[PDB]
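Engineer: My complex, part one, positions kept as in the full thing:
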Amino acid sequence: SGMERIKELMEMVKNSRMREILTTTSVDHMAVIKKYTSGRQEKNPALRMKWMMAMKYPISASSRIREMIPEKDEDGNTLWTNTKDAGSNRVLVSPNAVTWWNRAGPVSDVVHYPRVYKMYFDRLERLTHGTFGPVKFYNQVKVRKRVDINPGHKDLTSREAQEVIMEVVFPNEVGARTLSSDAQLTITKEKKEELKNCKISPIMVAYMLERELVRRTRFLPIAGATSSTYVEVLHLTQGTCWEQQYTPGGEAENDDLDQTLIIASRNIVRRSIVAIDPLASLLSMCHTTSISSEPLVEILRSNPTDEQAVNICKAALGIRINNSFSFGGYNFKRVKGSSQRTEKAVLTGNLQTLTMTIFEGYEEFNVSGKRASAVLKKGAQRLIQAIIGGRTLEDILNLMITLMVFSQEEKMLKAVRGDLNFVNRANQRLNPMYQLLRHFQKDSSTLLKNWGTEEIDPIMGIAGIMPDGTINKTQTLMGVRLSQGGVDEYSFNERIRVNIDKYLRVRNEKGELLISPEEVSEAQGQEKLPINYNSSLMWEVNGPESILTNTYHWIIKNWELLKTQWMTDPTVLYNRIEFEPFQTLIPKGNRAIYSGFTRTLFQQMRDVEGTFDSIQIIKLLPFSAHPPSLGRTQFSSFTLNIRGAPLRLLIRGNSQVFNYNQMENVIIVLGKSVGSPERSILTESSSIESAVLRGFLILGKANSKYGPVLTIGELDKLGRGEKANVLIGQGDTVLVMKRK
Amino acid sequence: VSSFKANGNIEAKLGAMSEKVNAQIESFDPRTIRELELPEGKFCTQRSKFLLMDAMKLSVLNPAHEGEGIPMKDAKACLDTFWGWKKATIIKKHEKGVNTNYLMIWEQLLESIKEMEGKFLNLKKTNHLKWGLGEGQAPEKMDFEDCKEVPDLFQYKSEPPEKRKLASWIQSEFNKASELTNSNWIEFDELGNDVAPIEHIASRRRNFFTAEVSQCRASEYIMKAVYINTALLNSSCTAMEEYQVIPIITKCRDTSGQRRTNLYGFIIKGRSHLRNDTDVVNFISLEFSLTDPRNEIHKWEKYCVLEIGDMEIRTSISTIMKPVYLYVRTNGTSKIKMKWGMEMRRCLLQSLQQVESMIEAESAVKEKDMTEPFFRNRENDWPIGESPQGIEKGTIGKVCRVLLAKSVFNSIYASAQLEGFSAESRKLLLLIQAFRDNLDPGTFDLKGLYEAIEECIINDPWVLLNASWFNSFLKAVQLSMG
Amino acid sequence: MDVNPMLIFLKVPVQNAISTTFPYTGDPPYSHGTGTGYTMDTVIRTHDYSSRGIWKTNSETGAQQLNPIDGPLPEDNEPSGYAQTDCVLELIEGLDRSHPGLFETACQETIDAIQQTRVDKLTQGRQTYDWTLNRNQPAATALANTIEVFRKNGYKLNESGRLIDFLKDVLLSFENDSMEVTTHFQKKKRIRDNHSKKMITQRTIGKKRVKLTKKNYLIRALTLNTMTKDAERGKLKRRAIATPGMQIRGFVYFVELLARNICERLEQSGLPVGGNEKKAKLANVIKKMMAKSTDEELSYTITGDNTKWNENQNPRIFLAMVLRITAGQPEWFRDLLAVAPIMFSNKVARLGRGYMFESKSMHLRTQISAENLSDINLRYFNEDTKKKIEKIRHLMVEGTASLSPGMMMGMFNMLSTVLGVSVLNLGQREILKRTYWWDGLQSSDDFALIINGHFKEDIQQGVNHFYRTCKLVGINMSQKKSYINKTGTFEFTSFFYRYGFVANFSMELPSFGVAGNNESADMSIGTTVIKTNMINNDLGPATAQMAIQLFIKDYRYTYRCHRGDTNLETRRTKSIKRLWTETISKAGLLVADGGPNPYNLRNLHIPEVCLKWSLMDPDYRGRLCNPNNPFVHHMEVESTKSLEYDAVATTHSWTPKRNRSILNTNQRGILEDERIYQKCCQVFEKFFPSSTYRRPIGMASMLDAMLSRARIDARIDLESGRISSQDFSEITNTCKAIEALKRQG
């Protein structure tokens, strides 16, 4: 009852050396005297275990084992010996004592292993009831992402989970730390209800709760699903050349299923716009698609996720639409106005360069979620008016902060104080809007102080908020009015029946344009649950690099027939549907002029005889799949969008995208080999290059007989028969001739 | 520093510095670089802890004696199947060593094997065995304070190793090591049930790999080295004072499925009171052999060879009678070398990974498992050798055995010369690769690169063979551009 | 047919088959003997490369310090230590101007971390030069002895439990004229061995009181103990490493923390990321550098290494970098962050253990120490050691050697990364405004450097410009170990990029084995090593199955735990067969109890006690996972043959035997304080349960914390119906008697 340890301490305080240590060493210096050693330490414990098992007693244990294990076996082996000098509480133990305990020890009916190691038993239950699909062989494209090896509690972060663990196991040992969330209080109550009168040691209970509640993340090379139940068996599902289909035992998490639903719908829409019939391609792609071995067309019937790509799939199916999106924990029911997105470069308040997508255009919103409501008028980079209401004082200010971040002006972007990285520690592009949102939600003073004040007319229906917080009805912020009732609910849960057409634009039954395919985000995130587009319109694994490598692999392995289509009747070759997911990586403005440039190069390669290069047909053939323009320009590269970053594909020679190694005689696409064309390249590779310049033939290297060098776009002052030199690229100097 | 304003300082000291401070890129072309300079001198000597291509085993088929598994019982059962024991006579003297000591060591060994009553055998501390194990060859370590008045107290000498020459036997050892046998030397353990489809695919490929890798001779050297280092470690740590006898015993299964116990010789352990991890336990190795040492005598510099028997050897036309020699030497090892010798089985992991990647890099391009087409459609894909005609291409099993034997010899002949040579020639391999990629390579000091590579080729037969291999690969690359 | 394995490179590219070029199945190169010659060679090279600098004698230590900064510009392509400080300051200023706000946020992070950090952060080191003992000790004992010597003088600021108060005491300790330490000493006597019948010497280590002078303490506080590095792959010759002491490690921790906060937010540093985060960062910055280039520009890459890197840096350059980075910061911040380059510039290098000297008329060997090498006549050493002592003799200060230039082996890895990243940053095309521009990555001394130019001559001028700019700041690129090629294939810290980072399985081959903890931890480690190498290092499925089989073989032969149907005869064969024949469900037995292997490619992540739980016998799992397990440690039941908690561990979680004996050496005089410290920690943990889980926090003495805990817990047990009033009066009377013994002793 606590009287034995105080007599232990009174016995240890009469020894003067022990008393000097107890009186002079503080609690912070007891961390130092705990790891104090004096004797020799031993390196290489592997070799020491290799030789110490040859001894009779390689195991040391507590002295109690003299009363729980006999000295001899049935077979006569000695199970333990005491150590030589007495007084120590240790004896030397043979492994035959271990085997004797496992064959004739006392049997206890209670075992704490299935409770403490519940996580490993849940993995085993997930594996035992897991279904295995076939194994497919193709080029994997793995991305090193930060994934969860431990999913943790959904309501807790790792710091809050450690707070909960120190409150459940060691309640008198939290310092000046209180629990913040209602989630932390409820989980502390539940875990104190389970772990009461527990016979397990508190440290083992702490590590059990630590492997239950604490989220752990590692950087792993992931192809496909990054949920914590698909990362636990990551060694089994993916390899360097193969993909093993697998579905665990249980239900998919809803917060994972909504996210991979959004990603599946975004991929289906963005593939559908490129097609001839976007509606028929979307309906063909949506039925065969299965997320985590559950069909997509029956997840869309019951999922309440509302997003501009999920909504186009639902409007094509016949599901009622909640025409909205989500931003910062609030649903944004857009009422009036239609904006359109444009990529710009914005200098920030921390002198940081940043590239975003800002929406040019007029809009009107009805923002509302879970504690508050606001009506918002907003143009391109302007926050006009915000009649914000709610149910407390803090919540209307929180919605005000969220709407001021959502405005995307030139004023909040130059109002940042401190640091705000838009790349991670591995230089991976963090989302800039949520970065500015989580910045201006903790430190929000310098946004309000730079927001200023405005004089408003003191008429009812509108109050005002100052840039500190004292409510006045004469002076307000520059747009921030306080609604005295808010906005009416019960019409934001109301879903709307909608029309859709061939080109995937959603109308209501009135006729107001709700969603266009241009509003769909061209962000390439990867899913938590595996998506299987079981279609002839999508490759096996999606993503930009997989589309690139699969397209070039399909061109290479079908080159004997595609070459024959290229030689005679090429207008059916460019319009093949296998080139169609490639166009989703070209930005929409360049597709027609890239296809016109490529078709002009291919026609010059047909007309100028003997100038055949099959690598130059393979490299540029997926760019010719768009109805072209007529704009006579000169490209030195074709830029594609991969993971939010551009990548240039050079017209002449090899690059980081498309290389052809004469060592292995293999075409390498993005670090992955996609094969040899037909090993039929020796009949090709003459001197004169034809498919590099639009209207000009490359005749060897440069010459001093033919004037000074140029650059690429200096050829309009040339005539049929004028030969010149061009600094084409990659430090090359070539001679250039004009055709008739 | 707080009020420093840059006024173009770096460009000023770039103008002020000499133009003899530069990094001039010299262009790299392998059709113009010279080969590695192998040293000159006496030929290289065998330095392994057991005979590899020359060892002879007394074998018993399906042992069923009183000690079927005990070491000296299997040694006695294998020695009982040899009745040609004549008197020991030295036929190849160790030059630096008393050869009558090696003769008397084999006599004492065989006689105590005869009167052996027990499971272990500790030899008697005789004068010739004390010479052959070096008992007393250390000076007595004193404290300096107690020997400040010594006139002849000079130092330990730190000569480098003497430059030896590439002898032809190490290529023959690597040739015999990469060959199949009529036995199975690795006897693997069990797995679980192959439930997943990838476990069926992996088990099919692993059965191919096991068929090609368990019957290689390098697997026999794996089992010999693992057994010798295991027994030597246990005896060094449990029998420190006693001169324990350890028989070289391996256990194999023939391709007809019958077990066999092979005896290759004996190892008399020395005194082993090792405290460091580089402290050397001395031992004496006595291995049976049929090869006459007088034909390739430069290989056997540290060996005393005494002819000890006769045996009727069968041949392809008729049957003859041959003598039986016993290669005796003093050798030594350490706890680190015994540790890394007990773990030679991971050489299987070093080769079989690489070959599997060679399948997998094809399997991602062919969109199918290319394990069975690699092991059955014998199209002779990888170049692994050099004949007097041209360059010889083998199959994936031959490549698997060659890479196995290369990892095995990396573990047998481990030295700092090998580490330095591989690290410094990796750069030259990468420069040759960058040239073959048409990636226009170039160095700043190729003479210093060659000087750093050739600094490690001193006296090791494996490193000299690897430098010769590098020269042959460079000549093959130069011939590939003709 | 002569077999050549390297002809495999005639078909497979070199990066695809790179694991064959790593001979990592044999033993690594160890050293034998002393690291005295390698220390002498490091000192001789360090003063060789800086020989044209200013020689000056330190007024405090007396050491001949060499000052190569602002020295003559180099005239050859050799290593040079003559670094120009205006060039260093221009590089740090341009690094700030390119990354605005970076230095202020890093300095503010370091200011906030300065006040938080406690002294025990210094106990996270491996083997520290104990200036109290003139040996190497573990960092916890080195800090404990340092704090005891400090508080035995009038230096008790570190009692406030902060690192910065300990650093105030460290800098104040140089003012003490007669610092007093406690050392070790041996008492030898001759006694006869009984098992071998030889007369030997019996050394007994004790304690001793000795006082240091002011200059001697200043030498021992600035001393870097030098040892030789073992098991290093890839080198023919050995080399020396150095360990500093407790006076310097706190300052180096704060400077490296500031430089870590800088290096985390630079695109061009390979530090502190590692593994897959490093490979992701490298491929992302390669994609960004190739996005910055245009079509017309060439692009080359220098697979670079810098020669003799740590002996060609300087603490004066790092002083300039620290003072330029912390510009605008407080003055106490600038002084505290500038201590560590000043402590490194006046540093001194302890040579080694000496040499072994051999006699032949007496047939003797003996060890003459490195502090006695200046007494021996020069005719006894061999010619190389004689040359080294002649080249080094004027630098000896009390056995150590003066080493003012050079870092001495890697204590400033992030600050050196910042100094290289500044030269990477100078090659921006808007800074240079030339026909070339460069960018790259830099870990510590390794660099990949992507140089762009309009022609190959511009690449040559960019190589020359980078090389000379590195020469101006004390960075000498190795012309031997570096090479250039077109961009798309390079190597960076043994990561072989070939349009993407290829795998290298051989480098992780020494992990594949039995770890040697106990029967359960080794099984989990082996299966997890196979699992993570399947995930990361491209280990194939068939090879992973073979690795499971090889690990099961090695595990059974290590722990002598073969199955019941096998006929091998070990020490455990009869007991394992008795457990085998009496067990009904043999598939539920563990591998350490003769059971079969359960593992395949799908269940590598599931432990073995879990994977077999449905197949065990109820008696077998009642014996294996018995709550009262005698092989593991049991807790004590806190205030809720005494009461213990129930052990959740299995019977295969035992403690292997440890040996701390030294040959012929009695150590009952110095191993006693460790036992008293563990007794004190064990009596503390009976009052505070969480002290094993998270290390506690406080400034009061352990007796006062324990007495207040006992008093308040007796009161809560009294007023909740869990103790009687007689027990409460007993506990409070006991605590009052302990309080009477904490003062009236």
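Structural biologist: Received the coordinates, thanks. Numbers count the residues shown, from 1 in each chain, chains lettered A, B, ... in the order given.
Engineer: who's in contact with residue C:36?
Structural biologist: Listed by Cβ atoms under 8 Å, 6 or more residues apart in numbering or on different chains, the contact partners of residue C:36 are C:351-355, C:370, C:373. Placement of C-beta: from N, CA and C, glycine included.
Engineer: could you check the distance from it over to residue B:144?
Structural biologist: 14 Å (Cβ to Cβ, to the nearest Å).
Engineer: re earlier: restrict the contacts of residue C:36 to contacts with chain A.
Structural biologist: Among the contacts of residue C:36, none lies close to chain A by the criterion of Cβ under 8 Å from any Cβ of the partner chain.
Engineer: Sort out which one of those residues lies nearest chain A for me.
Structural biologist: Nearest to chain A among those, counting by Cβ to the nearest Cβ, is residue C:353 at 15.6 Å.
Engineer: contacting residues around the closest residue to the closest one other than its chain neighbours?
Structural biologist: Nearest non-adjacent residue to residue C:353, counting by Cβ to Cβ, 6 or more residues apart in numbering or on different chains: residue C:34, 4.7 Å away. Contacts for residue C:34 (Cβ under 8 Å, 6+ apart) come out as C:228, C:352-356, C:370.
Engineer: Equivalent analysis for residue C:191, please.
Structural biologist: Contacts of residue C:191 (Cβ under 8 Å, 6+ apart): C:199-202.
Engineer: tack on RNA strand D:
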RNA sequence: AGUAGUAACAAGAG
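Structural biologist: Alright, RNA strand D goes in next:
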């Protein structure tokens, strides 16, 4: 002798 390789082991501090 042998291991070994810039200095050691070849028992008496790891």
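Engineer: What strand or helix carries the residue in the stretch 151-300 of chain A positioned nearest to RNA strand D?
Structural biologist: Relative to RNA strand D, the nearest point of the stretch 151-300 of chain A is residue A:203 (32.9 Å; Cβ to the nearest atom of the strand). Assessed by DSSP states H and E, residue A:203 sits inside helix A:202-213.
Engineer: What helix or strand is whichever residue of chain C sits closest to chain B located in?
Structural biologist: Closest approach between chain C and chain B, counting by Cβ to the nearest Cβ: residue C:26, at 2.5 Å. Assigned by DSSP H and E, residue C:26 belongs to neither a helix nor a strand.
Engineer: got the contact list for the closest residue to it other than its chain neighbours?
Structural biologist: Using Cβ to Cβ, 6+ apart and skipping residues adjacent in sequence, the residue nearest residue C:26 is residue B:414, 2.5 Å away. Residues counted as contacts of residue B:414 (Cβ under 8 Å, 6+ apart) are B:337, B:340, C:23, C:25-27.
Engineer: show me which of these neighbour RNA strand D.
Structural biologist: Applying Cβ under 7 Å from any atom of the strand to these, one finds that residue B:337 fall near RNA strand D.
Engineer: Would you format the contacts of residue B:414 as CSV with distance to residue A:566 and neighbour count included?
Structural biologist: Shown next, in CSV, are those (distance: Cβ to Cβ, whole Å; neighbours: other Cβ atoms under 10 Å in any protein chain shown):
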residue, distance to residue A:566, neighbour count
B:337, 64, 23
B:340, 59, 21
C:23, 50, 27
C:25, 51, 26
C:26, 55, 24
C:27, 59, 22
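Engineer: add RNA strand E to what we have:
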RNA sequence: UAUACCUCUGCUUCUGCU
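Structural biologist: If we add RNA strand E to the chains shown above, we get the following:
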């Protein structure tokens, strides 16, 4: 008198032996 510093990854939660 003898395995330094930094980083990543993996495992474990250790009570202390002539």
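Engineer: Show me where the stretch 51-200 of chain B has its helices.
Structural biologist: For the stretch 51-200 of chain B, the helices defined by DSSP state H, counting those that start in this stretch cover B:71-79, B:99-114, B:127-132, B:169-177, B:197-213.
Engineer: Quickly check: whichever helix or strand comes after the helix holding residue A:203 near chain B or not.
Structural biologist: As assigned by DSSP H and E, the chain's next helix or strand after helix A:202-213 is strand A:216-222. No - judged by Cβ under 8 Å from any Cβ, strand A:216-222 stays clear of chain B, getting no closer than 15.0 Å.
Engineer: tell me what the next helix-or-strand element following strand A:216-222 is packed against?
Structural biologist: Using DSSP H and E, the helix or strand that follows strand A:216-222 towards the C-terminus is helix A:234-237. Helices and strands touching helix A:234-237, by 3 or more Cβ pairs under 8 Å, 6 or more residues apart in numbering or on different chains; DSSP states H and E, are strand A:242-247, helix C:521-535.
Engineer: Export the first one to CSV, keeping only CA atoms.
Structural biologist: Output for strand A:242-247, consisting of C-alpha atoms alone and laid out as CSV, is shown next (Å, rounded to 0.1, in the frame of the first residue of the first chain):
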residue,chain,number,x,y,z
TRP,A,242,4.8,-7.5,-61.3
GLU,A,243,1.6,-6.5,-59.7
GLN,A,244,-0.3,-8.8,-57.4
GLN,A,245,-4.0,-8.1,-57.0
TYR,A,246,-5.1,-8.3,-53.4
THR,A,247,-8.2,-7.3,-51.3
